[PDB]
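Let me begin by presenting the structure, written as structure tokens, before commenting on it.
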Amino acid sequence: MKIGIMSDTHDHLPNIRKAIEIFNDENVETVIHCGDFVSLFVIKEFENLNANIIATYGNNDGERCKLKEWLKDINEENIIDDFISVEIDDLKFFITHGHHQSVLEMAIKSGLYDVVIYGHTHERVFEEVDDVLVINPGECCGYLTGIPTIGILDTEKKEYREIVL
């Protein structure tokens, strides 16, 4: 009943596959990817992940059009949009690739969501501001920090734990 979080994979196939496995060798009902898969060929890797997908467009994702199409092919359920407001296990979520500072700032500070997930910065963070769970899974490629990471959230007991690759 736990969900997986990832972001900014930047075509790093190895780490993408590593991550996909991990998300399978564990429940992970669904998986959130807020960053830049970036290239189309990346989607074909996901047609090998058990959980479904809730993704958000990154500033580097050049093919938004075919990206959503291919994602649907992998599964009708899968969904991708600039922003994503949803709920799971009674929790209110708001997902978005770092990007738009203000919209992110506002979401967290609005207090209309239980959890706020985002990427873009490549800076993995996991704090709680005013009972709002703010999560940045960090960069899956690990290119800009040398530390590739993903994360798994427990919608149940609300416990998040990082996973270095």
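Residue numbering restarts at 1 for every chain of the structure tokens, chains are lettered A, B, ... in their displayed order, and ligands are numbered from 1 as they appear.
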How close does stretch 5-67 of chain A get to stretch 131-139 of chain A? List, as JSON lines, each residue of stretch 5-67 of chain A within 9 Å, its nearest atom pair and the distance in Å to one decimal, counting only C-alpha atoms.
{"residue": "A:5", "atom": "CA", "partner": "A:137", "partner_atom": "CA", "distance": 6.1}
{"residue": "A:6", "atom": "CA", "partner": "A:137", "partner_atom": "CA", "distance": 5.5}
{"residue": "A:7", "atom": "CA", "partner": "A:139", "partner_atom": "CA", "distance": 5.8}
{"residue": "A:8", "atom": "CA", "partner": "A:139", "partner_atom": "CA", "distance": 5.2}
{"residue": "A:9", "atom": "CA", "partner": "A:139", "partner_atom": "CA", "distance": 6.4}
{"residue": "A:10", "atom": "CA", "partner": "A:139", "partner_atom": "CA", "distance": 8.7}
{"residue": "A:35", "atom": "CA", "partner": "A:139", "partner_atom": "CA", "distance": 8.4}
Next, the residues of the selection above should be written as a PDB file, in the first residue's frame with N, CA and C atoms.
ATOM      1  N   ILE A   5       8.471   7.045  -5.303  1.00  0.00           N
ATOM      2  CA  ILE A   5       8.714   8.379  -5.843  1.00  0.00           C
ATOM      3  C   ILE A   5      10.078   8.459  -6.533  1.00  0.00           C
ATOM      4  N   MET A   6      10.117   9.106  -7.693  1.00  0.00           N
ATOM      5  CA  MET A   6      11.363   9.279  -8.422  1.00  0.00           C
ATOM      6  C   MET A   6      11.282  10.617  -9.160  1.00  0.00           C
ATOM      7  N   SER A   7      12.373  11.032  -9.801  1.00  0.00           N
ATOM      8  CA  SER A   7      12.411  12.310 -10.518  1.00  0.00           C
ATOM      9  C   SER A   7      13.743  12.519 -11.231  1.00  0.00           C
ATOM     10  N   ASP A   8      13.746  13.384 -12.240  1.00  0.00           N
ATOM     11  CA  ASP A   8      14.963  13.692 -12.993  1.00  0.00           C
ATOM     12  C   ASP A   8      15.821  12.455 -13.230  1.00  0.00           C
ATOM     13  N   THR A   9      15.442  11.626 -14.189  1.00  0.00           N
ATOM     14  CA  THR A   9      16.212  10.434 -14.489  1.00  0.00           C
ATOM     15  C   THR A   9      17.228  10.723 -15.596  1.00  0.00           C
ATOM     16  N   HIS A  10      16.924  11.719 -16.421  1.00  0.00           N
ATOM     17  CA  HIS A  10      17.799  12.144 -17.507  1.00  0.00           C
ATOM     18  C   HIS A  10      18.439  11.051 -18.347  1.00  0.00           C
ATOM     19  N   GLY A  35      10.078  14.342 -12.570  1.00  0.00           N
ATOM     20  CA  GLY A  35      11.132  14.980 -13.340  1.00  0.00           C
ATOM     21  C   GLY A  35      11.183  14.778 -14.823  1.00  0.00           C
TER      22      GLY A  35
END
Please give the complete set of residues from stretch 25-90 of chain A that DSSP, run on the backbone, assigns to strand (DSSP E), formatted as a list in words. residues 30, 31, 32, 33, 52, 53, 54, 55, 56, 79, 80, 81, 83, 84, 85, 86, 87 and 88 of chain A
If you keep C-alpha atoms, can you produce a file of those selected residues as a PDB file, in the first residue's frame?
ATOM      1  CA  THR A  30       1.840   3.131  -7.950  1.00  0.00           C
ATOM      2  CA  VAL A  31       4.892   5.252  -8.849  1.00  0.00           C
ATOM      3  CA  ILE A  32       5.246   9.040  -9.067  1.00  0.00           C
ATOM      4  CA  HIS A  33       7.865  10.512 -11.423  1.00  0.00           C
ATOM      5  CA  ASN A  52       1.078   2.396 -12.426  1.00  0.00           C
ATOM      6  CA  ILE A  53       2.407   5.884 -13.142  1.00  0.00           C
ATOM      7  CA  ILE A  54       1.566   9.458 -12.175  1.00  0.00           C
ATOM      8  CA  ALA A  55       4.147  11.658 -13.892  1.00  0.00           C
ATOM      9  CA  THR A  56       4.682  15.375 -14.399  1.00  0.00           C
ATOM     10  CA  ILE A  79      -1.195   9.850 -16.303  1.00  0.00           C
ATOM     11  CA  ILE A  80       1.051  12.848 -17.023  1.00  0.00           C
ATOM     12  CA  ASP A  81       0.433  16.619 -16.778  1.00  0.00           C
ATOM     13  CA  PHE A  83       0.544  19.579 -12.338  1.00  0.00           C
ATOM     14  CA  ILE A  84      -1.350  16.770 -10.615  1.00  0.00           C
ATOM     15  CA  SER A  85      -3.785  17.168  -7.734  1.00  0.00           C
ATOM     16  CA  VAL A  86      -4.970  13.864  -6.242  1.00  0.00           C
ATOM     17  CA  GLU A  87      -5.663  11.786  -3.148  1.00  0.00           C
ATOM     18  CA  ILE A  88      -4.614   8.354  -1.945  1.00  0.00           C
TER      19      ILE A  88
END
Test item: residues at most 12 Å from residue A:105, only C-alpha atoms, excluding those fewer than 4 positions along its chain, as a ChimeraX atom specification: /A:94,96,98-101,109-111,116-118,129,132,134
Near residue A:46, counting only C-alpha atoms, which residues have an atom at most 8 Å away, once you skip same-chain residues fewer than 4 positions from it, shown as a list in words?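 With the cut-off at 8 Å, the set is residues 20, 42 and 74 of chain A.
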Please write the residues from the selection above to a file, keeping C-alpha atoms, as a PDB file, in the first residue's frame.
ATOM      1  CA  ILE A  20      12.227  -0.055 -11.568  1.00  0.00           C
ATOM      2  CA  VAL A  42      12.915   6.076 -21.602  1.00  0.00           C
ATOM      3  CA  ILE A  74       2.096   1.064 -21.229  1.00  0.00           C
TER       4      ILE A  74
END
Counting only C-alpha atoms, what is within 12 Å of residue A:12, bar same-chain residues fewer than 4 positions away, as a PDB file with N, CA and C atoms, in the first residue's frame?
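What landed in part_37.pdb:
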ATOM      1  N   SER A   7      12.373  11.032  -9.801  1.00  0.00           N
ATOM      2  CA  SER A   7      12.411  12.310 -10.518  1.00  0.00           C
ATOM      3  C   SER A   7      13.743  12.519 -11.231  1.00  0.00           C
ATOM      4  N   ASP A   8      13.746  13.384 -12.240  1.00  0.00           N
ATOM      5  CA  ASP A   8      14.963  13.692 -12.993  1.00  0.00           C
ATOM      6  C   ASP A   8      15.821  12.455 -13.230  1.00  0.00           C
ATOM      7  N   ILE A  16      17.651   3.810 -14.090  1.00  0.00           N
ATOM      8  CA  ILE A  16      16.212   3.717 -14.321  1.00  0.00           C
ATOM      9  C   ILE A  16      15.765   2.281 -14.061  1.00  0.00           C
ATOM     10  N   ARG A  17      16.524   1.332 -14.600  1.00  0.00           N
ATOM     11  CA  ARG A  17      16.238  -0.081 -14.437  1.00  0.00           C
ATOM     12  C   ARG A  17      16.406  -0.472 -12.975  1.00  0.00           C
ATOM     13  N   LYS A  18      17.495  -0.018 -12.357  1.00  0.00           N
ATOM     14  CA  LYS A  18      17.744  -0.314 -10.949  1.00  0.00           C
ATOM     15  C   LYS A  18      16.521   0.071 -10.140  1.00  0.00           C
ATOM     16  N   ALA A  19      16.061   1.295 -10.368  1.00  0.00           N
ATOM     17  CA  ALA A  19      14.905   1.840  -9.681  1.00  0.00           C
ATOM     18  C   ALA A  19      13.650   1.044  -9.964  1.00  0.00           C
ATOM     19  N   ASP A  36      12.387  14.908 -15.354  1.00  0.00           N
ATOM     20  CA  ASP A  36      12.604  14.745 -16.775  1.00  0.00           C
ATOM     21  C   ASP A  36      13.056  13.316 -17.062  1.00  0.00           C
ATOM     22  N   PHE A  37      12.218  12.540 -17.741  1.00  0.00           N
ATOM     23  CA  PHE A  37      12.630  11.189 -18.130  1.00  0.00           C
ATOM     24  C   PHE A  37      13.578  11.684 -19.169  1.00  0.00           C
ATOM     25  N   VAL A  38      13.023  12.684 -19.859  1.00  0.00           N
ATOM     26  CA  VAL A  38      13.623  13.451 -20.924  1.00  0.00           C
ATOM     27  C   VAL A  38      13.403  12.868 -22.308  1.00  0.00           C
ATOM     28  N   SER A  39      14.048  11.744 -22.623  1.00  0.00           N
ATOM     29  CA  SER A  39      13.921  11.151 -23.945  1.00  0.00           C
ATOM     30  C   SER A  39      12.846  10.084 -24.034  1.00  0.00           C
ATOM     31  N   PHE A  41      12.709   7.157 -25.590  1.00  0.00           N
ATOM     32  CA  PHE A  41      13.121   5.779 -25.362  1.00  0.00           C
ATOM     33  C   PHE A  41      13.066   5.380 -23.903  1.00  0.00           C
ATOM     34  N   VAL A  42      12.978   6.366 -23.023  1.00  0.00           N
ATOM     35  CA  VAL A  42      12.915   6.076 -21.602  1.00  0.00           C
ATOM     36  C   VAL A  42      11.602   5.392 -21.224  1.00  0.00           C
ATOM     37  N   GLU A  45      11.127   1.597 -21.076  1.00  0.00           N
ATOM     38  CA  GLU A  45      11.730   0.894 -19.953  1.00  0.00           C
ATOM     39  C   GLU A  45      10.664   0.639 -18.905  1.00  0.00           C
ATOM     40  N   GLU A 139      17.709  13.201  -7.425  1.00  0.00           N
ATOM     41  CA  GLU A 139      17.913  12.822  -8.814  1.00  0.00           C
ATOM     42  C   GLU A 139      18.231  11.353  -8.977  1.00  0.00           C
ATOM     43  N   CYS A 140      17.467  10.684  -9.820  1.00  0.00           N
ATOM     44  CA  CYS A 140      17.686   9.275 -10.053  1.00  0.00           C
ATOM     45  C   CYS A 140      18.984   9.044 -10.828  1.00  0.00           C
ATOM     46  N   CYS A 141      19.351   9.986 -11.693  1.00  0.00           N
ATOM     47  CA  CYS A 141      20.586   9.869 -12.479  1.00  0.00           C
ATOM     48  C   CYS A 141      21.792  10.120 -11.586  1.00  0.00           C
ATOM     49  N   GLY A 142      21.598  10.967 -10.578  1.00  0.00           N
ATOM     50  CA  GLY A 142      22.657  11.290  -9.640  1.00  0.00           C
ATOM     51  C   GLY A 142      23.768  12.108 -10.249  1.00  0.00           C
ATOM     52  N   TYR A 143      23.555  12.580 -11.479  1.00  0.00           N
ATOM     53  CA  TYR A 143      24.549  13.358 -12.231  1.00  0.00           C
ATOM     54  C   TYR A 143      25.126  14.586 -11.567  1.00  0.00           C
ATOM     55  N   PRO A 148      22.718   9.069  -6.588  1.00  0.00           N
ATOM     56  CA  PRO A 148      21.427   8.730  -7.186  1.00  0.00           C
ATOM     57  C   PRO A 148      20.437   8.219  -6.131  1.00  0.00           C
TER      58      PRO A 148
END
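If you measure from each of A:156, A:11, A:69, A:162 to residue A:126 using only C-alpha atoms, the closest one turns out to be A:162.
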Point-to-point distance in Å for atom CA of residue A:49 and atom CA of residue A:164: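 Straight-line distance from atom CA of residue A:164 to atom CA of residue A:49 works out to 18.7 Å.
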As a ChimeraX atom specification, please: the residues near residue A:161 (cut-off 7 Å, only C-alpha atoms, same-chain neighbours under 2 positions excluded). /A:151-153,159,163
Between A:34, A:95, A:103, A:3, single out the one closest to residue A:58, counting only C-alpha atoms. A:34
So the first atom is atom CA of residue A:112 and the second is atom CA of residue A:130; what is the distance between them in Å, to one decimal place? 11.3 Å
Counting only C-alpha atoms, the residue of A:40, A:13, A:124, A:104 that sits nearest residue A:66: A:40
What gap, in Å, lies between atom CA of residue A:154 and atom CA of residue A:21?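 Atom CA of residue A:154 sits 18.1 Å away from atom CA of residue A:21.
For the choices A:90, A:47, A:82, A:25, the atom-to-atom distance to residue A:70 is smallest for A:47 when using only C-alpha atoms.
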Stretch 59-113 of chain A: residues DSSP assigns to helix (DSSP H, G or I), reported as a PyMOL selection string: chain A and resi 64-74+101-110
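Once residue A:1 and its same-chain neighbours fewer than 3 positions away are set aside, residues 27, 28, 29, 155 and 156 of chain A remain within 7 Å of it when counting only C-alpha atoms.
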Rank nothing, just name the residue among A:51, A:106, A:67, A:115 nearest to residue A:89, using only C-alpha atoms. A:115
